[PDB]
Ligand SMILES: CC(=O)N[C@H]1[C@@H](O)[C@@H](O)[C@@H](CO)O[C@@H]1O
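Okay, so here's just one chain, in structure tokens, the form solved without ligand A1AAJ.
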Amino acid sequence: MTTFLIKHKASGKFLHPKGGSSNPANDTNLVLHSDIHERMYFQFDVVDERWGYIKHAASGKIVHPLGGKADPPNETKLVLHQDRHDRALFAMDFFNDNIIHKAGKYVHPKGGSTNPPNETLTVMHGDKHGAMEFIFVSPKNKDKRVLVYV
């Protein structure tokens, strides 16, 4: 029941539903944006050990690779959708600072910039570098890491 911000480590921007709606439509893209508000709070619903759903707190929709592929290819866009099923399972790796999908690819800003412009889309991608790192922080203190698994 921890509520948290998903902060892009290299830039300090955050994960947002595009347009910042408190009830985004199914398949709304997830983007990076520098602002902080209640419509970009997230929660994490643990389903199976490390695996769980990344839940948009304001709407209850969860993060999906678009099209619900179990093994999405590189550049598959990330979106919000009400559906709850095991092709939307991620782990929040707070030791290596990344978000990893069940099939092994990572959440990236599209293009992998260390300082992506606001509204950059997010995609799945297998590579690791400094610009796909994320930390999970308190909505009350964007520099304080919080535990997403409790």
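Note that residue numbering follows the sequence shown and begins at 1.
The same protein has a further form, the form deposited with ligand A1AAJ bound, not shown here; the description that follows concerns it.
Can you tell me if residue 92 lies within 4.5 angstroms of ligand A1AAJ in the bound PDB entry, counting non-hydrogen atoms only? Heavy-atom contact with ligand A1AAJ at 4.5 Å: absent for residue 92.
Proximity of residue 112 to ligand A1AAJ in the bound PDB entry, heavy atoms at 4.5 Å: Residue 112 belongs to the contact set for ligand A1AAJ.
Is it the case that residue 123, even though its partner is missing from this view, gets within 4.5 Å of ligand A1AAJ in the bound PDB entry, heavy atoms only? Residue 123: yes, in contact with ligand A1AAJ in the bound PDB entry.
Is there a heavy atom of residue 142 lying 4.5 Å or less from a heavy atom of ligand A1AAJ in the bound PDB entry? It does not: once ligand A1AAJ is placed as it appears in the bound PDB entry, residue 142 has no heavy atom within 4.5 Å of it.
Partner contacts in the bound PDB entry for 39-55 (non-hydrogen atom within 4.5 angstroms of ligand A1AAJ): Residues within 4.5 Å: none in this stretch.
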